[PDB]
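In what follows, one protein chain appears twice in different forms, each by itself as structure tokens: structure 1 and structure 2.
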Structure 1
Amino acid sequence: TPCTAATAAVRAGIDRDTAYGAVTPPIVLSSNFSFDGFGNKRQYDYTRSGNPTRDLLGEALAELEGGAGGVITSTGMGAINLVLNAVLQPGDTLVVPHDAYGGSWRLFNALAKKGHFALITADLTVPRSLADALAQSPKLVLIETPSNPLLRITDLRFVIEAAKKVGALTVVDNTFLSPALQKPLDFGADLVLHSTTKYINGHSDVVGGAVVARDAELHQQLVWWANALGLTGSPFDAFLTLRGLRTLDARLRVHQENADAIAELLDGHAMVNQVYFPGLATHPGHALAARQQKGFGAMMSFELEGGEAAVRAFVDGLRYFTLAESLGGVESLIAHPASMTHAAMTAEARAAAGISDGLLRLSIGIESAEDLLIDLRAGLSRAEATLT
């Protein structure tokens, strides 16, 4: 045993500065680096290609995920973009979950429409759906678990071992739980990627991505493609994101305490028809989440009884949940998928995906449990006062 994940994140680049013995590593904004005399390139030459502040974050995420190295991108979508370009070429097929992130679907549909690769859509929680995708010999399979907004759990070990038997690489989008709560490379995944925008940064003030490869050689291909495509991130953003990472463990202990309390209030409340939260014993994939995850996390959804009118009343005076997109911040957020995250779909597509007009998504922050519960009770009470 090296150290734990909390210790490694908390101590990422403390005692890393050879210049001054600075406890927090200096921010290397510099675009360029001098040669050490004629013909002698130093370790760094140009920030698009390699930068020490960015590489510390890379190395800290590689260490938390258990991989050979990390590449840091300017956005989470850029991390997805990077994998598509390093791994696929025309004639290859990519398998995508039916309920993957809408930005992931938009990018996959736009590039497949040009013939960059072919798409197969699959429900990775249905054995026959997976088996039919894999019988086509795909190059790459994407897993996103838990799914958003219904928190479907995909069985990592099942999917990854079946993919390997037909020679497919697997990439897991581990954004929702972070490396502190789920380690897809422990199950044999080739790649794991994140939007650092979310939990890893935690403070809603950086947009970023990361890809971690299990194998050193795929890592080197990602470095080369990130440099060639211009997808690397800002050193300043890497600085703020490493700062946020240091409290990821301390933040998640409170996030998950709050989510367990909120799930208790919402589950079986008279105004709530269903709760989507892997913590609940009646959630499909509960047992699988209890084994492949180190906690149930702090995202959940619930269907409020009554109309769009009950929703408008619920959301109307919330004091401690901000109506917004994104998630994983220290501040609690609420989103209405039908008018926000899934507004571009038709009504008919939403009913097929199992997204109701009554569905609300919570990103539970680290405010005091007592306040979040008072706020939700007064929201459920405003909603109840519609109803005719």
Structure 2
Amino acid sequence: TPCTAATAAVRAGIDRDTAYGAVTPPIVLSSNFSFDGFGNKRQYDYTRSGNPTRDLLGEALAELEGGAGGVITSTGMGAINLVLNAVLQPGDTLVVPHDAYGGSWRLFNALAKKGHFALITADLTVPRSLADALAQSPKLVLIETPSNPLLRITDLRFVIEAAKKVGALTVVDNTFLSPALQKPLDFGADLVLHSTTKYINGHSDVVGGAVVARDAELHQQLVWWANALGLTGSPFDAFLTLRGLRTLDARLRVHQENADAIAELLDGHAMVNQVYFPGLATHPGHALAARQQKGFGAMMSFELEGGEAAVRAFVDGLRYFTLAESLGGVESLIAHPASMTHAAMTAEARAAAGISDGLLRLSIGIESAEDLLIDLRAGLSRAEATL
């Protein structure tokens, strides 16, 4: 029988050292590998092309996503970059979501201005906006679900089938939920990618990406382009990332416990105008998220009553929510997308996406529920004292 996803993450590279029988995999930093006499390349030759420590992480994320293999890039942006270079050429069109990560928006828009591809920026949750984008015969559709930072939910089965009907490949950015909470390849997607910086690593001490292809042929094309462009990651970073992955299933139980308790505090608290969290029955996308996700996750964002003064008072004095970029760490974080995560967007693209100036995003960590709730209650008082 096969093991579960949780077993496979915990045991990736365990007892797989033929040299010494090390239980925990050795770090192979070596740039280079000997040939076995003249003309006899071993399995590995050069670390930019292939490295065994990085391949343990690739093979582990491929097992977790149900793919034919994985490529580990220096950054998550690099994983998106790898997919655009492998799949697209001038004259091909790309469809992307309106409310994707601001750095995704930045790369799509910079590479389209150069004419590497034509860009259609669409709302993939509105059937009309989708059908108009697919009727332009795109080579590639990118889905980001749940979306950063408003947690809009796109219907994987629906969009993937509609993309296949017009001959488009699909790629899903699965960063916000990780493989442990969403498996886009199960619904027929061709590619899934991550910022490993987030949950997969879990300790905010690695920036990395991953791409997993369903098909062996498309995996080989990603290996070729990652080598030729020089986008592959450092073995040290793969080592820490693999170490991280071993606690992903354990981390996520505590994250989701904390996130449910915090959603219940923020939803119809008098100082809170709107919570965006797919776990609330009132959230547009809740029933989709409960169907295509194994849990509702631990990212959420919210709008305070009381304009900019309430935001400043809420944020200044948080002891357990560090005001910082990134997400998916064991440590709780808060960000202000307008000035931080989505500062790379124009004011116009933020307004089209529906990211206000008052929006705060929480990355809820694995600290004790009680300490996070006290911290958030004190912020809600500092905000109220602003009226």
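Every residue number counts along structure 1's sequence, beginning with 1. What we label the rigid core is the largest C-alpha set whose atoms superpose within 1.5 Å from one form to the other.
Candidate set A353, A68, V330, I27; criterion, C-alpha shift of 2 Å or more between the two structures after rigid-core fit; matching residue, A353. Look at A344: with the core superposed, its C-alpha moves 4.9 Å between the two structures. Core superposition places the Cα of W105 1.1 Å apart between the two structures. On rigid-core superposition between the two structures, the C-alpha of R312 is found to move 0.8 angstrom.
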